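First up is the structure itself, then whatever we jot down about it.
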Ligand SMILES: Nc1ncnc2c1ncn2[C@@H]1O[C@H](COP(=O)(O)OP(=O)(O)OP(=O)(O)O)[C@@H](O)[C@H]1O
């Protein structure tokens, strides 16, 4: 319809996705972090950072670009990252093409602070011809053809739950669990460390391991128990007295040491259970912090923010299971089970894109999608006048 | 052999240009560059093939 | 449509470019034109510039539009291209008085696109195709895409593109190119020469270069049965050499495999990833060196094959010796394999397949230009409808 | 108030409507290359078939010439092998 195309940038907590609105797949995806070298040198790029890791130069440091809130952290570095993309991946002056970016749903408290900083970057530093920012979970629901949706972000750096009612992000009901991908990565590392040779530059290496073999492990070794592992285990023992798959072994080669690691099914399940029963992690966590009750909490809070009976029937029939972590086999079904436990009186309808690729970049695809609408004026497009207004006294 | 006229003979049409453009509903306070249907030296010689043939 | 003799396929590269105007109708053949990718630039009063096929009055500068596969000066590039197109126009026009009554009438243009070109680069290029060369039939194929047809069409496969100063790593999944994984290494055939110079610092660079080209040079794993052998120089000299003729390749190969592993490890659908690993395709002039492809396979094999680590396997066997079921893993690849070549192109069979990517383009070219629909290319109409942007309507 | 919500509701309605439109309209990079492969394969079938016919025709012509008086080279090296056995 319209004579345009644009740059879409999604600063995820782990992956930064960027590309052109012209295409289905992103132009490139790089880690949302960088290597600082010393004079001041900034390394961006998946392979580049890997090569830097291979160098193992003293003084190299890993810094992330996104904080716990899903917001930009080191703004000066952010400039450098985007600059990098414009020069080496997009390969176009930031002044010529339009820029659409996004962010996760928040409670609204930092909205103004973030926009100020973006106006400084986009306009004061990059002279971006036009600027827009959108909400990721909102975009996802919209790409699914949903006006109302229960967005379940089983991703890294925490689990986001966003109740969307009639195109409304219920900010009061939006919750951000501290548990997610990153947590599990930590646990995997710690649980497998007992089988690995020995059991900050070091932290740069941690990043390397996280970006490599750890990610490989979690892609296939983890699996989510259908039922509550504890009860399910008991069940099988009962049945044994009256086959029990929990004893089944799985194999995984530890590439860097060339050795076979072997785990049973139960152990794989044990990792998954941390997202449902965090009180099994330690005494610092409450049963309510598991995804089951967190979801219920956010559902109920959503009801509180506006006819609970209808709200529950609405959200529970528009459930979107997404985020990269959601790809762990069985996760989807387990979510369904948890929902039926806490809402046994409601029919559940969930959605999940079977294509792995689509989920991994779904947030970007959502942004992509919104960026491609013909009624230009629907967005809150920003210009220098908005930066000016902000700074005008 | 004038290569330009060879072009005019070969393969026998609105041109576009890359330039600034202002969005409108009305007009919005911003502009961007794109391929606009526009308003409406060279190599100078010809390469001696036979020198560039696989023989 | 379309006349076989009017279909123009152009393949650019960092060194030279292949041009093949017209097809062989019955069969496919190896591109007969080869033109050095260089053009001269004269600086005139106040920086005004001209372009030349030669160095007019020894004042023009040597310009190389393409560097490591990437266009670094699109102005120069389109001038280079222009020169080529009109060169073949005048060539045929002189060879055939009635050329514009037939073969120089409707000319299909297939340009092979190196993945490094930007979105804006591509736009400008299509602009010149229609507004400078006035060509009413344009396809800008992904080079990797062309390659996937040549290997009897593959759904899941890898393209290893060996250049001279760079090597490109491409993964194809479901026939699509995974752009966010596609990368490139700043190493190529020249690095072989560099290491050979290091190895034999007393040799002339040409001795080294011509040796690389020579059949005595080989990647190992009957000149291999001799301690010494010889090769005739460009000047007719007899060059004698020992086992150094089998050296200088591992550095390149190792770096290739490093990125191959890293790239393929990021494929999301492991079922498809498994399929990808069983179809590896190797292309590039340097890959013509005997044994190269096999060595590359071998290096990839030993560094990625999922198989019970040597000793552990022997421990299964050891304990058995006192049948063990296959020790399956959730990982991949379990099978690493090179893709199978087509046996239906004798000409190319005879020439070798280092330039097979052109063949793939040739094959799909007749598939496209004998088809009743124009679904996959830019017409003057489409160009009029979208401008340069039309490319992303037909983008492959 | 009421109409403000209705505005929002229709705004997001139209957003979804444009999205679901494009879901059926778009046809993406992958769609092109997938169709090209299906297309190319049929080209190979016809072109491949033609090549086979040409090879057969050449073989037939050679056979006819012999009567009047891969394997085309295998028989040369085979008969040359045997020729050499007789030459030696
Ligand atoms: N095969 C896999 N299955 C499940 N999870 C995976 C897989 N591969 C990677 N992950 C996890 O997915 C993470 C990236 O996912 P994702 O981009 O959804 O998180 P994120 O988008 O950064 O989080 P946010 O959505 O808050 O930005 C990686 O950190 C990795 O830990």
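Residue numbers (the authors' numbering), protein chains in the order written: chain L, 2 to 39, 44 to 204, 214 to 256, 281 to 344, 380 to 466; chain N, 1 to 12, 22 to 34, 54 to 68, 76 to 90; chain M, 3 to 223, 275 to 375, 394 to 467; chain K, 316 to 384, 392 to 410.
All residues carry an ideal CB built from backbone N, CA and C; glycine is no exception.
Taking only the alpha-carbon atoms, compute the straight-line gap between residue i and residue j and give it to the nearest angstrom.
i                      : j                      : result
residue 433 of chain M : residue 432 of chain L : 37 Å
residue 124 of chain M : residue 460 of chain M : 9 Å
residue 137 of chain M : residue 61 of chain N  : 25 Å
residue 72 of chain L  : residue 188 of chain L : 15 Å
residue 81 of chain M  : residue 334 of chain K : 42 Å
residue 30 of chain N  : residue 99 of chain L  : 15 Å
residue 435 of chain M : residue 148 of chain M : 7 Å
residue 278 of chain M : residue 216 of chain M : 16 Å
residue 289 of chain M : residue 87 of chain N  : 23 Å
residue 191 of chain M : residue 13 of chain L  : 39 Å
residue 94 of chain M  : residue 106 of chain M : 8 Å
residue 165 of chain M : residue 187 of chain M : 10 Å
residue 27 of chain N  : residue 143 of chain M : 23 Å
Going by the C-beta, is residue i closer than 7 Å to any heavy atom of ligand 1?
i                      : result
residue 109 of chain L : yes
residue 398 of chain L : yes
residue 403 of chain L : no
residue 367 of chain K : no
residue 15 of chain L  : yes
residue 232 of chain L : yes
residue 34 of chain L  : no
residue 172 of chain L : no
residue 160 of chain L : yes
residue 75 of chain L  : yes
residue 439 of chain L : no
residue 436 of chain L : yes
residue 28 of chain N  : no
residue 190 of chain L : yes
residue 20 of chain L  : no
residue 344 of chain M : no
residue 50 of chain L  : no
residue 186 of chain L : yes
Show which residues of chain M have a CB atom less than 7 Å away from the CB atom of residue i.
i                      : result
residue 261 of chain L : Regarding the residue in question, residue 261 of chain L is not represented: chain L runs 256 and then 281, omitting everything in between.
Excluding sequence positions up to five away, which residues of its chain have a Cβ less than 7 Å from the Cβ of residue i?
i                      : result
residue 463 of chain L : 121 and 124
residue 185 of chain L : 160, 161, 162, 163, 164 and 398
residue 39 of chain L  : 64
Check the Cβ of residue i against every Cβ in chain M and list those closer than 8 Å, keeping chain order.
i                     : result
residue 26 of chain L : 178, 180, 181 and 182
Could you name the residues of the same chain whose beta carbon sits closer than 8 Å to that of residue i, not counting the 5 residues immediately before and after it, in chain order?
i                      : result
residue 385 of chain L : 337, 341, 416 and 419
What does residue i touch in chain L if you count any residue whose Cβ is under 9 Å from its own?
i                      : result
residue 318 of chain K : Here the premise fails: no neighbours, minimum Cβ distance about 14 Å.
residue 463 of chain M : 6, 21, 23 and 24
Cβ-heavy atom distance between residue i and ligand 2 below 7 Å?
i                      : result
residue 229 of chain L : Ligand 2 is not part of the structure shown, which contains ligand 1 as its ligands.
Against residue i, what residues of chain N qualify as contacts under a CB-to-CB distance less than 7 Å, listed in chain order?
i                      : result
residue 449 of chain L : 32
residue 55 of chain M  : 78, 80 and 82
residue 88 of chain M  : 3, 6, 7 and 81
Whose Cβ in chain K lies nearer than 7 Å to the Cβ of residue i?
i                     : result
residue 44 of chain M : Here the premise fails: no neighbours, minimum Cβ distance about 41 Å.
For residue i, which residues in the same chain have their Cβ closer than 6 Å to its Cβ, ignoring the five residues on either side in sequence?
i                      : result
residue 361 of chain M : 398
residue 408 of chain M : 331
residue 17 of chain L  : 31 and 33
residue 49 of chain M  : none
residue 325 of chain L : 317
residue 218 of chain M : 276, 282, 284 and 298
Using the beta-carbon of each residue, which ones in chain M are nearer than 9 Å to residue i?
i                      : result
residue 298 of chain L : 361, 362, 365, 398 and 400
Which bits of chain L does residue i rub up against, with CB to CB less than 8 Å?
i                      : result
residue 372 of chain K : The contacting residues do not exist; residue 372 of chain K stays about 46 Å from chain L at best.
Mind listing the chain K neighbours of residue i? Cutoff is C-beta to C-beta under 9 Å, in chain order.
i                     : result
residue 81 of chain L : Per Cβ cutoff of 9 Å: no residues; residue 81 of chain L is ~35 Å from chain K at best.
Who are the neighbours of residue i on chain K, taking C-beta pairs under 8 Å?
i                      : result
residue 442 of chain L : 334 and 337
Is there contact between the segment 405-413 of chain L and the segment 109-118 of chain L, where contact requires at least three CB pairs shorter than 8 Å?
-> Segments in contact, no.
Segment contact flag, the segment 108-116 of chain M with the segment 5-19 of chain M, C-beta cutoff 8 Å, min 3 pairs = Segments in contact, yes.
For the 8 Å Cβ check, are there 3 or more pairs between the segment 413-427 of chain M and the segment 16-29 of chain M?
-> The segment 413-427 of chain M, when compared against the segment 16-29 of chain M, does touch it at the 8 Å Cβ threshold.
Is it true that the segment 190-209 of chain M meets the segment 316-333 of chain M, where meeting means three or more beta-carbon pairs spaced less than 8 Å apart?
-> With the cut-off at 8 Å, the segment 190-209 of chain M and the segment 316-333 of chain M do not touch.
Is the number of C-beta pairs between the segment 22-30 of chain N and the segment 145-152 of chain L that are closer than 8 Å three or more?
-> Output reads no: the segment 145-152 of chain L does not touch the segment 22-30 of chain N.
Are three or more beta carbon pairs between the segment 292-309 of chain M and the segment 347-355 of chain M nearer than 8 Å?
-> Flag = yes, the segment 292-309 of chain M and the segment 347-355 of chain M touch.
Between the segment 49-58 of chain M and the segment 147-162 of chain M, are three or more C-beta pairs nearer than 8 Å?
-> They do not touch, by the three-pair rule.
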